[PDB]
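Novice: experimental structure and sequence below.
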Amino acid sequence: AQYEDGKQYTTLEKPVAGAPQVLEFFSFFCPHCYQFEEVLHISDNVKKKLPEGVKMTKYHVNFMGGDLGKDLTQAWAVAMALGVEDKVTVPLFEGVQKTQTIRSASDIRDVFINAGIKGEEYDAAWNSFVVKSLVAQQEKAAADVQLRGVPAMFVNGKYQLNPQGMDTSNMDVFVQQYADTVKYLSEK
């Protein structure tokens with residue numbers, strides 16, 4: 001076949017009912033995630049090839065960067081609640097991995113302020129129980145698939161992307177292969 005289990009994807013031994021349709025996990029400490037966001041724009045090209053009426057979900061994970069990594073998961077919860085994902089993703093990545101000017105929760109906060117989110121608005125969100133449950137949601141979803149690595153994509157809680165089984169000669173070709181694979185899995 002052209003798409004084989006164990007090649008462009010793997011199948012979960014233990015399928016996860018009720019799972020989001022297209023589910024992406026990342027960490028701002030994760031170097032391939034940086035590449036995925038900044039250089040390849042994986043999330044974006046996938047979306048463009050999905051049937052519409054499809055929900056696309058992206059969660060942060062705790063298991064990289066210790067205490068700051070957990071701060072980052074709460075911040076990504078705030079970002080989703082306020083709907084400001086598209087305004088903070090790039091400066092959070094570059095603050096963590098490029099300029100390394102993110103060292104504390106207050107530094108994370110500064111990114112949101114600079115991006116035009118208001119102080120009271122951020123701090124209230126940060127402390128809200130709506131954000132607490134979105135943090136819960138992120139963790140539960142990672143727990144469900146025993147996630148130990150990122151970047152990671154899951155389709156219909158049953159298939160997991162395997163980018164190691166695609167070619168990396170050309171970056172654009174990689175993306176289309178990745179995105180086409182998700183769509184195949186989506187229709188499966």
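Specialist: Received, thanks. Residues are numbered from 1 along each chain as shown.

Novice: where along this protein do the helices fall?
Specialist: 31-34, 42-49, 66-82, 85-93, 105-114, 119-127, 129-144, 171-187 (DSSP state H).

Novice: can you list those in CSV and add mean neighbour count?
Specialist: Yep, even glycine has a C-beta here, placed from its N, CA and C like the rest. Formatted as CSV, the helices of the chain follow (neighbours: other CB atoms under 10 Å):
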stretch, mean neighbour count
helix 31-34, 18
helix 42-49, 17
helix 66-82, 20
helix 85-93, 18
helix 105-114, 17
helix 119-127, 15
helix 129-144, 16
helix 171-187, 17
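
Novice: right, and those helices - which one's nearest residue 155?
Specialist: helix 171-187 (4.1 Å; CB to CB).

Novice: quick one on the thing from earlier: can you redo the helices of the chain as JSON lines with distance to residue 159?
Specialist: Below are the helices of the chain laid out as JSON lines (distance: least, CB to CB, whole Å):
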{"stretch": "helix 31-34", "distance to residue 159": "19"}
{"stretch": "helix 42-49", "distance to residue 159": "13"}
{"stretch": "helix 66-82", "distance to residue 159": "24"}
{"stretch": "helix 85-93", "distance to residue 159": "24"}
{"stretch": "helix 105-114", "distance to residue 159": "33"}
{"stretch": "helix 119-127", "distance to residue 159": "33"}
{"stretch": "helix 129-144", "distance to residue 159": "14"}
{"stretch": "helix 171-187", "distance to residue 159": "5"}
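
Novice: how close does residue 155 sit to residue 115?
Specialist: 31 Å (CB to CB, to the nearest Å).

Novice: ok, back up a step: which one of the helices of the chain lies closest to residue 17?
Specialist: helix 129-144 (9.4 Å).

Novice: show me what that closest one is packed up against.
Specialist: Applying 3 or more CB pairs under 8 Å, 6 or more residues apart in numbering; DSSP states H and E, one finds that helix 129-144 makes contact with strand 22-26, strand 56-60, helix 66-82.
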